[PDB]
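Below is one structure, written out as structure tokens, with a few remarks after it.
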Amino acid sequence: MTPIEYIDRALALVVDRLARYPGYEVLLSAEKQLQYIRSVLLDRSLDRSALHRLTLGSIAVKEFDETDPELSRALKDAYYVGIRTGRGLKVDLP
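So that you can map any letter, position 46 of the sequence shown is 46 in PDB author numbering, and since no number is skipped, the others follow by simple counting.
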């Protein structure tokens, strides 16, 4: 229904993994992203176009492919919806 939820979910899964690896460049790199997609989601004046420029998930799908699929799957979908919203496109997936 809303992207805020999709990204909100991953935020919870990330916390768990982070606990095991307190100081991962890939974790923070992907986490910090979720913060942007969420910020812009509420912000109107802030930069939104960047949502399309960003590219989170390509690293998680490879690095966190088997090690942490719950995060990768959530990330790939997190930015996915973000891009559309960034421009104002409809959202709806199976």
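Here a beta-carbon is modelled for each residue, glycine too, at the ideal position from N, C-alpha and C.
Length of the line joining the Cα atoms of residue i and residue j
i: residue 48; j: residue 29; result: 19 angstroms
i: residue 17; j: residue 36; result: 20 angstroms
i: residue 1; j: residue 20; result: 31 angstroms
i: residue 92; j: residue 23; result: 35 angstroms
i: residue 61; j: residue 72; result: 5 angstroms
Per-residue DSSP class, three states only, for residue i
i: residue 59; result: coil
i: residue 66; result: coil
i: residue 91; result: coil
i: residue 22; result: coil
i: residue 45; result: coil
i: residue 85; result: helix
Cβ neighbours of residue i in the same chain (closer than 8 angstroms, five flanking residues each side left out)
i: residue 59; result: 26, 29 and 30
Classification of residue i by the beta-carbon crowding that lies within 10 angstroms, buried from 16 upward
i: residue 74; result: buried
i: residue 88; result: exposed
Spatial neighbours of residue i in its chain, beta-carbon cut-off 7 angstroms, leaving aside the 5 residues before and after
i: residue 77; result: 6
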